[PDB]
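# A look at the structure
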Number of protein chains: 2
Amino acid sequence: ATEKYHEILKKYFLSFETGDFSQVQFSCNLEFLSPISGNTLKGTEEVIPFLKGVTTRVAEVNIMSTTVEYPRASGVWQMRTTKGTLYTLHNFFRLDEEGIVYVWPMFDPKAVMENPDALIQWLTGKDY
Amino acid sequence: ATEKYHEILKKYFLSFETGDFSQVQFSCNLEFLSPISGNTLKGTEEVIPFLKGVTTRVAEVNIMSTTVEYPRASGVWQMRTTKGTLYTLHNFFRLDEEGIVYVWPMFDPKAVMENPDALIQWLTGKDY
């Protein structure tokens, strides 16, 4: 079952290559702590359109590691934007019996400090 | 013991509130991936002086969660700077038989985006 949870995180990360999130196991109680909002996005109905929008500005994905101590999980990965900025992320996850129930992306600070304005533009697509 | 590692991570985080890192179990092969350098800091000899310097600009510490799947671990926590800004971090760790052997701090992007220069001044102490 733990091996199954690592596979679920990897399928979440790989969805950013295509914008197809249909292979990801998401809970009916999914919540997402967005970099662009204080309040969480609630449900696949709110989370997926946000993620699909971001994927339109992703050129490449690199998975470095996944860590699981059920119901908690974390993963280190990277996204190369369509302008070429390489962000490195450390996502916090909560898991339940239906898969991923909480996602909270955090970032390695170097790419952000090197061009602060670029992150909000990539996240929002405004002035991108 | 798995709980041994949860305790080691908690002792790592709490050392930022006290400034004494002597209770933390660190490996002789410790490496640290710093936000202010491309090359890792090597050994407690290079790492501890850096962390001690950062702790002079730390006020409160809050530990939110710890996750261990030996030899990997992670934890979500927070530090208030001595000026009052709350940073939320998601540290990536590796572990060995002597405790923590690798540390890589990453950050929730909101406090960073709000004031990019403030992060570098807090990290480096230059113009803080």
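Placed above this text is the structure.
Before going into details, it helps to say that this report is about the structure given with it. Each chain carries its own residue count, running from 1 in the order of its written sequence; this scheme can depart from the entry numbering, and residues that have no coordinates do not appear. Just so you know, chain letters begin at A and ligand numbers begin at 1, following the order they were written in. Side-chain measures were taken over the full set of non-hydrogen atoms in the model, leaving aside hydrogen atoms and water. Residues with missing side-chain atoms are left out of burial classes, side-chain pairs and their counts.

## As for the sheet that holds strand β5 (residues 86-96) of chain B
Residue and element names in this part refer to chain B. Going by this rule: In this analysis, strands are considered paired if DSSP registers two or more bridges between them. To qualify as a helix, a DSSP run of H or I must reach at least 4 residues; to qualify as a strand, a run of E must reach at least 2; elements of each kind are numbered from the N terminus. What makes two residues a contact is simply this: any of their non-hydrogen atoms within 4.5 Å. Lines are fitted to the C-alpha atoms to define the axes, a helix being fitted only along its stretch in contact, and any angle between axes, read from their N-to-C directions, falls within 0 to 180 degrees.
The sheet built from 6 strands is open, its strands ordered β2-β1-β6-β5-β4-β3 with mixed pairing. Of all strands in the sheet, those with a lone pairing partner are β2 (41-42) and β3 (58-69), marking the two edges. Pairing between β3 and strand β4 (residues 72-81): 9 bridges, direction antiparallel. When the sheet's bridge partners are listed, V68 is paired in β4 with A73. Against the sheet, helix α2 (residues 44-55) makes contact with β1 (26-32), β2 and β3, and its axis sits at roughly 65° relative to β1, the strand it touches most.

## Description of the sheet that holds strand β5 (residues 86-96) of chain A
Residues and elements named next belong to chain A. Taken in spatial order, the 6 strands line up as β2-β1-β6-β5-β4-β3 in an open sheet, and their pairing is mixed. Strand pairing shows two members of the sheet lacking a second neighbour, β2 (41-42) and β3 (58-69), which therefore form its edges. Its contacts with the sheet place helix α1 (residues 2-18) against β1 (26-32), β3, β4 (72-81), β5 and β6 (99-104), and it is angled at close to 165° to β3. The sheet strands contacting helix α4 (residues 116-124) are β3, β4 and β5, and the helix crosses β5 at an angle near 50°.

## So, the packing of aromatic side chains
Residue and element names in this part refer to chain A. Going by this rule: Pairing of aromatic rings covers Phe, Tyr and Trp, the last counted by its six-membered ring, and requires centre-to-centre distances within 6.5 Å; plane angles under 30 degrees mean stacked, over 60 mean edge-to-face, and any other angle means tilted. Burial here depends on accessible area, computed with a 1.4 Å probe over protein chains only, as a share of the maximum for the residue type. Under 20% is buried, over 50% is exposed, and the range in between is partly exposed.
Counted by the stated rule, this structure contains 30 aromatic pairs over all chains. Relative to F16, the ring of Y12 has its centre 5.4 Å away and its plane inclined at 70°; by these criteria the two rings are edge-to-face. Residue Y12 and its partner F16 are located together in helix α1, separated by 4 residues, close to a single helical turn. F16 matches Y12 in its accessibility class, with the two residues each being buried. Ring pairing ties together the aromatic residues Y12, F13, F16, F21, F26, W77 and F93, which thus form one cluster.

## Quick look at the interface of chain B and chain A
Interfaces are often sized by the amount of accessible area the parts lose when they come together. Put simply, the rule is: Buried area, as used here, totals the accessible surface that two parts lose on assembly, with accessibility defined by a 1.4 Å probe and the loss added over both. Salt bridges are identified by distance alone: a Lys or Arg side-chain nitrogen within 4 Å of an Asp or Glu carboxyl oxygen. Any pair of N or O atoms that falls within 3.5 Å is considered a polar contact. Within protein, one atom must be able to donate a hydrogen and the other to accept it, and sequence-neighbouring residues count only if both atoms are side-chain atoms.
At the junction of the two partners, chain B supplies 34 residues and chain A supplies 34 residues. Each partner contributes to the roughly 2500 Å² buried at the junction of chain B and chain A, and carbon and sulfur atoms together form 66% of this total. For the interface between chain B and chain A, the tally reads 0 salt bridges. At the boundary of chain B and chain A, one finds 16 residue pairs in polar contact.

## Some points on the relation of the copies chain B and chain A
Stated formally: A least-squares superposition on the C-alpha atoms brings the copies onto one another.
When chain B is fitted onto chain A, the two copies agree to an RMSD of 0.2 Å after a turn of 179° and an axial shift of 0.0 Å. Here the symmetry operator amounts to a two-fold rotation axis. Of every C-alpha in chain B, the one belonging to B:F107 sits nearest the axis of rotation, 2.6 Å from it.

## Some points on the pairing of β4(B)
All names here are of chain B. For β4, the tally of buried residues reaches 8 of 10 residues, placing the bulk of the element in the interior. Adjacent in sequence and paired antiparallel, β3 and β4 are bridged by 2 residues. In this structure, β4 lies alongside β5, joined through 9 bridges in antiparallel fashion. Across the sheet, residue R72 finds its bridge partner in β5, namely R94. Hairpin connection, β4 to β5: the antiparallel pair is bridged by 4 residues, and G84 has positive phi, about 110°.

## Considering the side chain of B:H90
Note that B:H90 resides in strand β5. According to the relative accessible area criterion, B:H90 is buried, its value standing at 1%.

## Structural notes on the nonpolar core
Let me state the cut-off plainly: Note on terminology: a nonpolar core comprises buried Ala, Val, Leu, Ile, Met, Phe, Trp, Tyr and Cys residues joined through side-chain atoms within 4.5 Å.
With 71 residues, the main nonpolar core has A:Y12, A:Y87, A:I100, A:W122, B:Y12, B:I100 and B:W122 as its most contacted residues. Apart from residues no more than four positions distant in its own chain, A:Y12 is found in contact with A:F21, A:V24, A:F26, A:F32, A:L51, A:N91, A:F93, A:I100 and A:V103.

## Section: helix α1 (residues 2-18) of chain B
Note the following rule: For a helix, the expected span equals 1.5 Å multiplied by the number of residues minus one.
Here α1(B) spans 25 Å end to end across 17 residues, near enough to the 24 Å set by a 1.5 Å rise per residue. Remark: B:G19 follows α1(B) within two positions and exhibits a positive phi of approximately 90°.

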